[PDB]
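A.B. asks: Attaching a single structure in structure tokens format; questions to follow.
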Amino acid sequence: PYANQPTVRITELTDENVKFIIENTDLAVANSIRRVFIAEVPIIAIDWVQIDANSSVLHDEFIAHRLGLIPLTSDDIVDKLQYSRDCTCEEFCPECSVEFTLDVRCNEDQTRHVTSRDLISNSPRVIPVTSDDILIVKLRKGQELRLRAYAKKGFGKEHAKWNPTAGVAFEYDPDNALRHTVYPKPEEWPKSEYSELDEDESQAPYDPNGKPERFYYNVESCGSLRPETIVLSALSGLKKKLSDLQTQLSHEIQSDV
Amino acid sequence: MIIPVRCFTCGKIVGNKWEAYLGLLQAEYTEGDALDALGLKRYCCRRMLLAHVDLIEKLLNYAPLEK
Amino acid sequence: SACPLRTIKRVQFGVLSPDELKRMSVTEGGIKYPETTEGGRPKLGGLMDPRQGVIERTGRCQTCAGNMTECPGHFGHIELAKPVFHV
Amino acid sequence: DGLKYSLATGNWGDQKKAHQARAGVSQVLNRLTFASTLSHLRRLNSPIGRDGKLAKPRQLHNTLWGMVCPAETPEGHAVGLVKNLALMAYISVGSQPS
Amino acid sequence: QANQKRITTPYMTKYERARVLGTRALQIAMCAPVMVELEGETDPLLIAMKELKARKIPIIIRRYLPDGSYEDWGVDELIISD
Amino acid sequence: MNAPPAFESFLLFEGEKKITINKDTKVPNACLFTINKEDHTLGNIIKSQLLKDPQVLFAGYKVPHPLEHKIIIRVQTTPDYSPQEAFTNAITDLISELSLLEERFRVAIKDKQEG
Amino acid sequence: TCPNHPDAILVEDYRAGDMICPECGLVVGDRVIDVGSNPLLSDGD
Amino acid sequence: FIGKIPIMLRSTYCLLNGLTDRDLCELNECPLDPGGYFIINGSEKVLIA
Amino acid sequence: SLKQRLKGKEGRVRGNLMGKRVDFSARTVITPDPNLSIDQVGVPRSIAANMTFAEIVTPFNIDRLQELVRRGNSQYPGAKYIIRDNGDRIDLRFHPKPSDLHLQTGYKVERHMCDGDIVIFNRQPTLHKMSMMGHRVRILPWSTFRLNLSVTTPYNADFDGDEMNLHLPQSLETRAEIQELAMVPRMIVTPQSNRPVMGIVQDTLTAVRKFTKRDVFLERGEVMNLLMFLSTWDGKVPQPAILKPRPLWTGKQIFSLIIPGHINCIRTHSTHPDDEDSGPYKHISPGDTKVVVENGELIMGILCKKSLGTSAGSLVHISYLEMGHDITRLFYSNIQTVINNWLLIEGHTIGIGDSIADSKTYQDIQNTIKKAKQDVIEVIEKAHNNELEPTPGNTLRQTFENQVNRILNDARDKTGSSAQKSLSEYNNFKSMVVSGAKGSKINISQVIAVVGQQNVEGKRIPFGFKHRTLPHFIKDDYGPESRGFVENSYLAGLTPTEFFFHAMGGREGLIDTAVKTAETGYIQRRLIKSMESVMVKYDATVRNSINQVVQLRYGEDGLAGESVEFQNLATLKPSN
Amino acid sequence: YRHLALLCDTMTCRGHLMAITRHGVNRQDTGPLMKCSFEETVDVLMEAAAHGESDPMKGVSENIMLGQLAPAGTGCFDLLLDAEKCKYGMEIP
Amino acid sequence: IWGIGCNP
Amino acid sequence: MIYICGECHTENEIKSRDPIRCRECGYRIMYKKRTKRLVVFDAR
Amino acid sequence: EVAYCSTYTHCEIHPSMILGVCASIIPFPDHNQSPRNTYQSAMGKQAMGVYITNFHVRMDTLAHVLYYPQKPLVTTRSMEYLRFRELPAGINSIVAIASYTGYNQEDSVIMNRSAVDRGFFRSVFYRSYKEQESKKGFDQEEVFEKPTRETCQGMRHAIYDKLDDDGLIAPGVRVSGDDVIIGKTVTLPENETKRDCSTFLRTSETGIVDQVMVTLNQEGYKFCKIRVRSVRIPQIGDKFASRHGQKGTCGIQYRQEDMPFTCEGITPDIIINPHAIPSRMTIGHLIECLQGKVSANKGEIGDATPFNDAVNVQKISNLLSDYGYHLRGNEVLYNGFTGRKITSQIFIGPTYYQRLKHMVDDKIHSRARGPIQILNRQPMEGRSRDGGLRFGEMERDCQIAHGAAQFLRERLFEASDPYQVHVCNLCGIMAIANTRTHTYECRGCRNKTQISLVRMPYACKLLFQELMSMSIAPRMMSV
RNA sequence: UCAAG
Ligand SMILES: CO[C@@H]1[C@H](O)[C@H](n2cnc3c(=O)nc(N)[nH]c32)O[C@H]1COP(=O)(O)OP(=O)(O)OP(=O)(O)O
Ligand SMILES: [Mg+2]
Ligand SMILES: [Zn+2]
Ligand SMILES: [Zn+2]
Ligand SMILES: [Zn+2]
Ligand SMILES: [Zn+2]
Ligand SMILES: [Zn+2]
Ligand SMILES: [Zn+2]
């Protein structure tokens with residue numbers, strides 16, 4: 001009646017990708033970790049825009065949306081930052097937000113490409129993943145865009161702008177042995193990259209005793225967080241959710257009795 | 001009208017890759033080769049760059065409302 | 001309001017008597033004036049008679065204090081010089 | 001004023017006389033999509049009344065091969081009574097017979 | 001009619017049940033006394049349903065025969081259609 | 001116009017209890033836990049860990065409606081065991097598993113880099 | 001003309017179409033907006 | 001002077017006839033606009049055949 | 001003119017008296033919601049806030065209504081107005097004096113519509129009585145009306161832009177009328193055909209067929225999750241059908257818990273072999289057909305449209321006839337919830353792999369078409385030689401068309417049968433056709449084998465040009481391709497001429513739909529007007545308004561149409 | 001069969017085949033307002049006025065027009081209060 | 001679209 | 001009360017009940033300038 | 001060949017040219033059922049996209065422009081001449097044909113909420129309001145100015161703070177429903193000061209002013225056009241359709257975590273019910289998904305000309321087999337909620353989906369004690385006028401069949417047009433009645449005692465009075 | 001007049 005002891009092997013580790021294999025774990029835990037990658041890893045992204053002048057062809061809310069989708073480096077400052085709801089100060093302060101300011105005007109005849117590099121942050125740690133560049137808008141001569149934006153901490157359950165990952169690849173039982181998916185014609189299906197079978201055999205023989213284990217992961221990052229940091233923060237955040245549940249449950253249990 | 005940041009299906013930033021894609025096409029790369037070189041691997045991401053129509057240049061052809 | 005509430009149990013249909021039309025109509029002497037406006041707005045003995053119905057959503061018709069809701073309207077009569085077949 | 005009135009109202013005739021006027025001509029151009037604009041410009045309207053439910057004018061005819069789109073017709077009370085030209089179809093402008 | 005020689009159905013019709021429950025509920029909403037003890041029931045319609053189950057609704061149904069006569073069946077006398 | 005705000009999915013509004021424990025009258029030693037402002041993430045882990053316990057006879061989770069944000073978890077335990085005890089022990093076990101996984105993932109990171 | 005408020009300006013309303021006393025909210029006039037409903041050329045014809 | 005005839009857009013007698021796409025842009029008219037419609041009383045009307 | 005005003009539709013007589021625009025009514029797009037019960041409807045919050053139901057203040061409910069008054073219009077569970085004893089209406093939006101907010105018995109607070117408020121739900125056209133049913137209100141946080149999928153069949157509504165009308169009764173008397181006469185559970189069975197109106201539909205039907213197969217075995221946790229969505233569960237886990245080696249429940253075992261009470265029913269699956277009943281294995285059915293439910297437990301059988309659909313003797317019909325309307329409502333909802341949560345584990349799909357068939361089957365279809373074209377050629381040559389003999393009562397042209405159509409139809413059906421033989425068990429077209437959720441054998445045949453003959457006005461494609469169908473064909477060509485036979489399937493793709501002929505056939509279908517709507521509407525209105533006042537009097541005679549006796553007893557036996565059932569006399573047929 | 005038989009009985013009740021049309025339905029001696037709701041309208045009203053016809057007000061449509069409770073179901077009977085039963089029982093409020 | 005006895 | 005001009009894009013202040021004509025171009029199609037008050041846009 | 005015709009005199013340039021403009025955008029038209037091509041021809045006219053490149057200059061009522069139009073991945077050759085690539089209307093979407101949660105049943109569609117957040121099928125709605133300062137009246141002048149409650153005897157309690165001095169709201173100001181876009185005042189002749197003549201925003205527009213223009217119209221009076229912009233994020237009521245006649249609303253929106261995911265991590269943007277395909281027989285949709293997968297992997301836009309004979313399903317399947325996927329396009333999916341593999345393999349591929357103009361926000365209406373008509377004193381008609389829904393004659397027949405006489409009475413009398421009249425007992429004709437004076441008298445009888453109150457719909461009173469004006473006497477007698 | 005069922 002106790003938790004299984006999981007293990008991890010990291011097959012690949014790059015700047016934008018982490019491949020790891022979690023073994024001796026339940027399927028529910030592995031899928032929940034995959035889910036927390038997507039929806040519950042906090043990141044800093046723009047959520048407040050005040051546009052002073054917008055002569056571009058794109059309307060103001062278009063520019064606001066594009067700005068929000070721009071990833072911002074949140075490697076270490078996101079843990080320090082507090083949610084805007086938690087902060088005592090009214091609206092936004094340096095402890096609860098990061099201020100970005102953008103001023104661009106096209107006076108040259110050539111079209112001016114407003115890029116993420118033109119976004120200027122008051123805090124050095126949070127930068128728009130620049131150290132090409134994301135194109136916010138293109139400006140004709142005589143067109144000007146000036147705006148002021150504040151970035152808040154949040155996770156992807158609120159909005160996809162706070163989604164740390166690009167694509168989380170989750171796969172278990174690479175050669176179908178628990179028969180969780182029943183192929184009508186086993187031969188036609190392409191073999192998995194993790195499959196251990198020889199070319200002749202399409203599926204592994206059915207194992208009734210076996211249960212899902214040795215889950216394979218591939219986490220890719222947008223550059224907002226280090227791909228290792230996404231996994232570590234997801235594990236820590238899920239642990240925090242469970243601990244909060246335990247505290248509230250203890251309160252209810254004691255109060256009822 | 002303009003290349004979308006963050007490919008819809010997965011979320012990979014694809015807004016920085018439009019000008020590079022056009023330049024690779026000018027370099028006589030095939031569209032598939034350009035997509036491979038840019039690092040777009042999943043067909044969801046390749047859809048974004050391959051099927052994008054850049055209307056913002058046509059919109060920029062018009063003179064500005066205020067000079 | 002003092003009148004008791006009743007539900008119609010029989011509807012009797014008949015041709016209106018000309019004498020009954022004369023008695024029932026609030027307008028007396030008929031509609032003598034084609035114009036609807038006299039004294040500026042109201043034309044007595046005209047098409048828009050204050051006694052016939054409430055006008056302008058704020059006035060009260062002469063016959064009753066309708067206030068544009070209570071008054072059901074009141075009929076008027078035109079005395080044709082020579083009789084005309086009803087179609 | 002005569003030309004402007006007939007275009008604006010959609011009634012083909014004079015202002016005083018609407019008895020011989022034909023309604024339904026000169027509709028406002030649809031600008032929901034470029035396809036809608038193009039199809040509105042290339043449109044045919046059969047004069048048969050919509051109220052009549054006789055089905056002969058509505059059915060697709062063999063002679064509409066290549067002249068009128070077989071698929072594009074409004075569905076409802078005007079099935080087959082409004083038609084769209086095919087892509088290559090060209091209506092004749094007219095010439096003298098001399 | 002006389003109380004004897006009642007020819008209508010002993011069972012309460014569905015329309016009678018609907019109108020009796022609605023009318024009794026409207027009366028209960030207007031602070032009419034409730035025959036049945038309520039077990040924390042505040043909605044008037046539910047209290048009317050409880051009364052109907054207990055057959056304590058103080059309404060007598062007058063059923064008009066097509067010949068013009070009427071037969072007065074009390075709600076208690078009628079067998080509930082349920 | 002009737003769209004709910006995005007923060008409503010995870011933020012408890014004032015006066016809302018994260019966990020409410022209501023016993024089940026139908027069967028002995030069964031309790032029905034209602035978790036507010038939570039989704040399949042927490043529910044599936046808790047149900048799985050409960051199912052691993054030999055003394056837990058029944059364990060399941062249900063989202064009553066996807067548009068609303070609530071989890072209902074039914075736990076039935078054998079006599080000499082309490083459903084609330086099983087819930088607490090499940091949470092402790094999940095926390096232990098996650099902590100061990102964090103330590104081993106950090107070690108793997110350190111080994112992969114410069115090694 | 002709110003009966004309890006001598007010389008009270010009644011605010012017009014568009015939702016139900018009535019004039020309402022702003023200090024007490026009494027509806028004076030129930031549905032008295034309804035719909036609420038060339039003079040230059042020639043004259044009356 | 002005997003009156004005024006409405007002009008269908010981009011026909012031979014319209015101002016937009018024989019104009020390069022840059023010139024159409026300078027007049028704030030789309031190069032891809034098909035034409036074939038009258039602007040009567042400020043609204044574009046199409047004569048259904 | 002006065003006569004013009006009164007006479008026409010939308011005049012005073014009909015457009016303003018028989019029907020009229022009404023207050024307390026709302027309309028918006030409808031979208032699905034499997035989680036809502038049959039009687040529940042999901043109302044948006046704005047619609048719920050605008051619509052108000054006046055509540056009389058009683059000593060019982062004075063506190064609750066006082067809280068609602070305090071909340072006001074802005075907060076959603078609030079009160080828009082207060083109606084005093086004098087009839088004075090205090091709009092709470094504009095500032096009411098704190099004295100005005102105080103409530104006493106007899107005041108009427110107009111609260112916003114809340115969960116559990118009975119409403120009437122309508123979809124035009126209102127063809128039958130089931131098109132207006134009383135629904136309980138559940139407020140959900142989006143701007144579309146949400147109704148359960150089973151309730152779509154009475155309304156004839158699908159969620160492709162449809163809309164429905166919501167009417168809120170404003171009095172306790174009319175609310176009770178709706179509650180006890182027109183609620184959805186009360187109108188499960190129609191008196192028109194003494195069949196249930198509503199049945200399991202779409203994903204739930206397709207998945208109930210798969211769930212009830214002999215193959216389906218469920219492990220412990222899956223059974224836990226499925227039982228979680230069963231509302232009437234006793235809390236006791238059924239003993240697994242396979243105790244060892246590993247405890248494994250069966251789909252029928254779980255569905256038996258859904259079945260209400262103790263219901264006995266015997267039905268046959270769609271694929272039931274005809275010879276099975278006579279031969280051995282009649283009771284131990286080899287194909288797991290012959291659905292039998294004993295003591296409310298599914299002993300055997302694969303559920304399908306026949307067992308759980310809208311037909312006489314269905315499991316739902318027997319539930320309504322035996323258990324009652326409330327338990328049947330729970331039955332519908334529980335089937336949907338449990339089966340839809342199992343479908344997450346199993347899943348359903350449609351792909352090109354379903355349309356494609358084996359190479360041998362394609363060759364067989366091609367050979368059938370080849371020999372059919374040869375037979376049509378032989379008939380044509382016989383007609384040209386005048387060897388053909390006219391069928392009695394028919395001209396030679398008519399009999400030639402008859403014989404050619406017979407040959408083409410036989411080839412079409414044979415190719416369709418070959419395609420249907422090719423289908424595997426895993427084929428999803430076959431899953432949906434066998435379950436009865438959607439599609440037909442004809443659609444499979446057209447998808448895989450042969451689209452078929454295109455007929456317009458009951459004949460092959462006519463000679464629109466002079467003596468030829470299209471300019472591409474030769475004059476006086478009565479062959480199969482020329483006159484409209486589409487040899488290719490949809491998957492294979494139609495040749496251009498076949499595309500045009502197929503367009504002609506589809507146009508005929510569209511025109512028929514458009515015409516039938518109007519003509520049927522007129523017929524229905526005339527029937528209703530002729531028979532509107534006829535009713536069963538307390539003499540149980542059926543009399544009109546004039547009191548003339550139409551029938552001495554209703555239906556000649558004085559019984560209602562919903563309670564009756566099909567039965568066999570069993571004394572009539574046997575010999576002496 | 002009940003629904004078919006009822007239509008057949010209404011059409012053949014009078015002894016002459018009554019078509020479900022304006023002619024057959026309106027010729028039957030129903031109330032003038034009920035005839036007015038179906039097709040002919042104003043002409044029916046004019047004829048009824050000429051001959052001094054009286055509307056019995058027993059029809060459903062006639063009662064619907066005047067806003068009264070219809071004689072249909074839930075309107076067939078008239079409920080009366082039972083004083084003796086009101087006295088009996090526990091009058092808690 | 002099927003045959004003469006079926007549908008168009 | 002500053003109107004931008006369509007033809008020459010030069011702001012001209014126009015008083016109430018004054019003809020709508022841009023000085024320096026004569027064009028009669030004016031646009032009102034963007035308001036000074038600022039609107040918060042959620043990037044969402 | 002085997003001799004059929006040896007006297008051909010002309011040849012077709014290409015058979016696909018029989019189709020028109022709207023039917024030419026359909027990919028693989030020959031693989032669909034004919035009514036479905038007909039339906040797509042109508043649906044394509046209602047799709048959203050950039051209608052014209054000069055849309056910023058144009059001030060049109062009801063203009064919708066999509067944020068990120070994309071050209072089809074599977075396109076017809078004849079689309080190039082239609083300029084569909086230049087001005088596309090729709091977005092290629094990863095579509096899974098599966099039954100996930102039952103919210104895609106019937107024709108509804110499950111959409112990815114994370115994709116919607118990233119800009120998927122987002123649009124802008126521009127509405128233009130025109131007003132003209134008319135001085136044509138002899139003593140009436142409709143001057144543009146900001147109305148003042150004290151100065152103007154006629155006014156409304158909606159917000160007037162937005163209006164500037166000119167009476168026109170400045171661009172960039174948010175406007176909620178029932179706000180004053182334009183303020184206009186008609187000088188009132190003093191027969192013996194001001195009847196308000198402002199224009200008010202359509203309810204629930206909730207937009208930001210984009211452009212405000214002041215000109216002189218054809219008549220020479222001052223003309224003002226105001227364009228209001230409203231972004232429209234897709235909701236669970238909006239209507240989405242493919243190019244193969246499959247239309248449906250959005251059943252529900254699931255986030256990327258909840259949506260089913262492939263092993264690569266690709267989650268469908270749109271999930272459509274498998275039950276739509278078989279009855280409708282739109283196989284062109286399936287072939288378009290297969291060709292779209294092949295095109296996205298290969299990097300070349302797929303060719304879907306109607307009649308090709310060089311493009312077959314088998315060839316597309318082999319091409320897809322080269323790129324590492326199942327040849328028929330099926331993919332193994334994992335359940336988002338639990339992570340278990342779905343036993344059936346779901347058919348996933350990119351498909352061009354369109355967004356139609358019909359949206360739930362424009363189609364939602366609720367009425368409760370609103371304004372009434374003048375002639376009938378019945379509720380108004382239409383969403384703009386806060387009109388109630390009509391309780392038609394078919395509806396009343398249904399209610400009669402129910403036996404719900406009192407609900408029928410409420411709906412047809414009490415909810416719509418309640419009214420009271422006074423009728424003489426001696427003669428059925430209505431009688432004059434002064435409630436305030438408390439004197440009730442009947443003309444023609446010289447009788448005051450015998451008068452009875454009758455409750456009837458106002459429409460019935462109007463009917464009886466119109467009968468009386470035709471000399472018919474509808475004598476309603478209580479006896 | 002044009003769409004929505
Ligand atoms: C199924 O029947 C309905 C109803 O009868 C109602 N309805 C629709 N139009 C009318 C009309 O003009 N007049 C009247 N009286 N009723 C009307 O609509 C019918 C079907 O029409 P459709 O055949 O287009 O439905 P798809 O099969 O097309 O559904 P997809 O796959 O798009 O969701
Ligand atoms: Mg539909
Ligand atoms: Zn702060
Ligand atoms: Zn991607
Ligand atoms: Zn009066
Ligand atoms: Zn007051
Ligand atoms: Zn200028
Ligand atoms: Zn009198």
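Please note that chains go A, B, ... in the order of the structure tokens, that every chain numbers its residues from 1, and that ligands are numbered from 1 in the order shown.
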Pick out the residues sitting within 9 Å of residue 35 of chain C, and hand them over as a ChimeraX atom specification; count only C-alpha atoms (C1' of nucleotides), and ignore anything fewer than 5 positions along from it in its own chain.
C.D. replies: /C:43,46-48 /G:44-45
A.B. asks: Write out, as a CSV table (one decimal), in the first residue's frame, the residues just selected, with N, CA, C and O atoms.
C.D. replies:
chain,number,residue,atom,x,y,z
C,43,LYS,N,-59.2,68.7,-34.5
C,43,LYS,CA,-60.3,69.2,-35.3
C,43,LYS,C,-61.6,68.5,-34.8
C,43,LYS,O,-61.9,67.3,-35.1
C,46,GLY,N,-63.9,66.4,-37.1
C,46,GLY,CA,-63.0,66.0,-38.1
C,46,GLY,C,-62.5,64.5,-37.9
C,46,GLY,O,-63.0,63.9,-37.0
C,47,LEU,N,-61.6,64.1,-38.7
C,47,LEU,CA,-61.1,62.7,-38.7
C,47,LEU,C,-60.4,62.4,-37.4
C,47,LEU,O,-60.6,61.3,-36.8
C,48,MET,N,-59.6,63.3,-36.9
C,48,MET,CA,-58.9,63.2,-35.6
C,48,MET,C,-59.7,64.0,-34.6
C,48,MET,O,-59.4,65.2,-34.3
G,44,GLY,N,-51.7,70.1,-46.0
G,44,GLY,CA,-52.6,68.9,-45.7
G,44,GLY,C,-53.4,68.5,-46.9
G,44,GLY,O,-54.1,69.3,-47.5
G,45,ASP,N,-53.3,67.3,-47.3
G,45,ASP,CA,-54.0,66.8,-48.5
G,45,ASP,C,-54.9,65.6,-48.2
G,45,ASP,O,-56.0,65.5,-48.7
A.B. asks: Do you know which residues are within 8 Å of ligand 5 using only C-alpha atoms (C1' of nucleotides) and all ligand atoms? Can you write them as JSON, numbers by chain?
C.D. replies: {"C": [51, 52, 53, 54, 60, 61, 62, 63, 64, 65, 66, 70, 71, 72, 73, 74], "M": [432, 433]}
A.B. asks: Would you put the residues from that selection into a file with N, CA and C atoms, as a PDB file, in the first residue's frame?
C.D. replies:
ATOM      1  N   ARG C  51     -62.674  63.515 -28.875  1.00  0.00           N
ATOM      2  CA  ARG C  51     -63.642  62.645 -28.221  1.00  0.00           C
ATOM      3  C   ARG C  51     -63.551  61.218 -28.747  1.00  0.00           C
ATOM      4  N   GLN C  52     -63.086  61.044 -29.984  1.00  0.00           N
ATOM      5  CA  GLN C  52     -63.068  59.716 -30.588  1.00  0.00           C
ATOM      6  C   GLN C  52     -61.995  58.828 -29.964  1.00  0.00           C
ATOM      7  N   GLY C  53     -60.824  59.381 -29.670  1.00  0.00           N
ATOM      8  CA  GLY C  53     -59.759  58.562 -29.115  1.00  0.00           C
ATOM      9  C   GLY C  53     -58.650  59.414 -28.547  1.00  0.00           C
ATOM     10  N   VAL C  54     -57.774  58.752 -27.794  1.00  0.00           N
ATOM     11  CA  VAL C  54     -56.630  59.421 -27.191  1.00  0.00           C
ATOM     12  C   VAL C  54     -55.570  59.683 -28.250  1.00  0.00           C
ATOM     13  N   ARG C  60     -55.763  63.026 -22.985  1.00  0.00           N
ATOM     14  CA  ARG C  60     -56.921  62.239 -22.591  1.00  0.00           C
ATOM     15  C   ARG C  60     -58.054  62.555 -23.551  1.00  0.00           C
ATOM     16  N   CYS C  61     -58.713  61.521 -24.064  1.00  0.00           N
ATOM     17  CA  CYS C  61     -59.860  61.762 -24.925  1.00  0.00           C
ATOM     18  C   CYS C  61     -61.000  62.370 -24.115  1.00  0.00           C
ATOM     19  N   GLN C  62     -61.872  63.107 -24.806  1.00  0.00           N
ATOM     20  CA  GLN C  62     -62.906  63.868 -24.112  1.00  0.00           C
ATOM     21  C   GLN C  62     -63.886  62.956 -23.381  1.00  0.00           C
ATOM     22  N   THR C  63     -64.222  61.813 -23.977  1.00  0.00           N
ATOM     23  CA  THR C  63     -65.275  60.973 -23.418  1.00  0.00           C
ATOM     24  C   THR C  63     -64.847  60.315 -22.110  1.00  0.00           C
ATOM     25  N   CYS C  64     -63.616  59.810 -22.039  1.00  0.00           N
ATOM     26  CA  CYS C  64     -63.131  59.153 -20.833  1.00  0.00           C
ATOM     27  C   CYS C  64     -61.656  59.473 -20.635  1.00  0.00           C
ATOM     28  N   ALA C  65     -61.187  59.298 -19.398  1.00  0.00           N
ATOM     29  CA  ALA C  65     -59.784  59.546 -19.059  1.00  0.00           C
ATOM     30  C   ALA C  65     -58.955  58.311 -19.413  1.00  0.00           C
ATOM     31  N   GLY C  66     -58.799  58.096 -20.720  1.00  0.00           N
ATOM     32  CA  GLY C  66     -58.153  56.880 -21.188  1.00  0.00           C
ATOM     33  C   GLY C  66     -56.674  56.815 -20.853  1.00  0.00           C
ATOM     34  N   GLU C  70     -56.583  53.091 -20.924  1.00  0.00           N
ATOM     35  CA  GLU C  70     -57.930  52.762 -20.468  1.00  0.00           C
ATOM     36  C   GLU C  70     -58.950  52.891 -21.591  1.00  0.00           C
ATOM     37  N   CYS C  71     -58.820  53.909 -22.430  1.00  0.00           N
ATOM     38  CA  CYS C  71     -59.824  54.142 -23.460  1.00  0.00           C
ATOM     39  C   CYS C  71     -59.733  53.076 -24.544  1.00  0.00           C
ATOM     40  N   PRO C  72     -60.823  52.366 -24.838  1.00  0.00           N
ATOM     41  CA  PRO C  72     -60.816  51.430 -25.966  1.00  0.00           C
ATOM     42  C   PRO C  72     -61.079  52.089 -27.309  1.00  0.00           C
ATOM     43  N   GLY C  73     -61.248  53.404 -27.343  1.00  0.00           N
ATOM     44  CA  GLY C  73     -61.691  54.089 -28.537  1.00  0.00           C
ATOM     45  C   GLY C  73     -63.206  54.144 -28.619  1.00  0.00           C
ATOM     46  N   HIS C  74     -63.699  55.133 -29.355  1.00  0.00           N
ATOM     47  CA  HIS C  74     -65.131  55.327 -29.503  1.00  0.00           C
ATOM     48  C   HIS C  74     -65.451  55.602 -30.960  1.00  0.00           C
TER      49      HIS C  74
ATOM     50  N   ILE M 432     -68.896  53.143 -22.947  1.00  0.00           N
ATOM     51  CA  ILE M 432     -67.933  54.110 -22.439  1.00  0.00           C
ATOM     52  C   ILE M 432     -67.820  53.982 -20.927  1.00  0.00           C
ATOM     53  N   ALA M 433     -66.602  54.103 -20.411  1.00  0.00           N
ATOM     54  CA  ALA M 433     -66.378  53.844 -18.993  1.00  0.00           C
ATOM     55  C   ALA M 433     -65.289  54.769 -18.466  1.00  0.00           C
TER      56      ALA M 433
END
A.B. asks: Check every protein, DNA and RNA residue against ligand 2, keep those with an atom at most 7 Å away (counting only C-alpha atoms (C1' of nucleotides) and all ligand atoms), and present them as an NGL selection string.
C.D. replies: (:I and (157-162)) or (:N and (5))
A.B. asks: Taking only C-alpha atoms (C1' of nucleotides) and all ligand atoms into account, which residues are within 9 Å of ligand 1, as a PyMOL selection string?
C.D. replies: (chain D and resi 75-77) or (chain I and resi 124-125+156-162+510+513-514+516-518+520-521) or (chain M and resi 35-36+39+106-108+245-248+276+279-280) or (chain N and resi 4-5)
A.B. asks: What separation in Å, quoted to one decimal, exists between atom CA of residue 21 of chain F and atom CA of residue 242 of chain A?
C.D. replies: 16.7 Å
